[PDB]
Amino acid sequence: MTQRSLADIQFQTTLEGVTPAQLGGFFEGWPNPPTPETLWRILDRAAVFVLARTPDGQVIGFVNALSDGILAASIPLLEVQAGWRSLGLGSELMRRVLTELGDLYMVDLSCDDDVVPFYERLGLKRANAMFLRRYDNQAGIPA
């Protein structure tokens, strides 16, 4: 329950063929996570996103992005399920979402100190993220 290969991971940028039943297992460590159904809606409302799927259709990594298509984009969420980390998938998802976004002037995201090096190795630079967290709505605004 340990050996892995990225060789039969496939990527897609639509929800065609993806059900909420295939979006379970995310939000590791979140106290009150969006459900898989809510994740599906989050993806549907993103400007762009990238999914990494095993052959059975389970989504084991994703990234989403907000964008105006003209000047700016931001990347709210990036996650690879723990058994699939350390293979380069997170970096690959980031490269793929940047391709989907195009060469916009600004692409920005927030992170904690521990993951700064992950992002620096992708070429991102570091400034201040000012933020709000409305923890009552951590599971998402309902439909």
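A residue's number is simply how far along the shown sequence it sits, counting from 1.
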Response to the item:
As the entry reports it, the stretch among 34-42 and 114-122 with higher mean C-alpha B factor is 114-122
Worksheet, complete the sentence: Looking only at C-alpha temperature factors in the entry, 130-138 or 5-13, the higher average sits in 5-13
Worksheet, complete the sentence: Note to self: of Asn64, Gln81, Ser67, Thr54, the C-alpha temperature factor tops out at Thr54
Worksheet item: Highest Cα B-factor in the PDB entry belongs to which of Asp103, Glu92, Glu100, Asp108?
Response: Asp103
Worksheet item: In terms of the chain's CA B-factor thirds, is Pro76 lowest, middle or highest?
Response: lowest
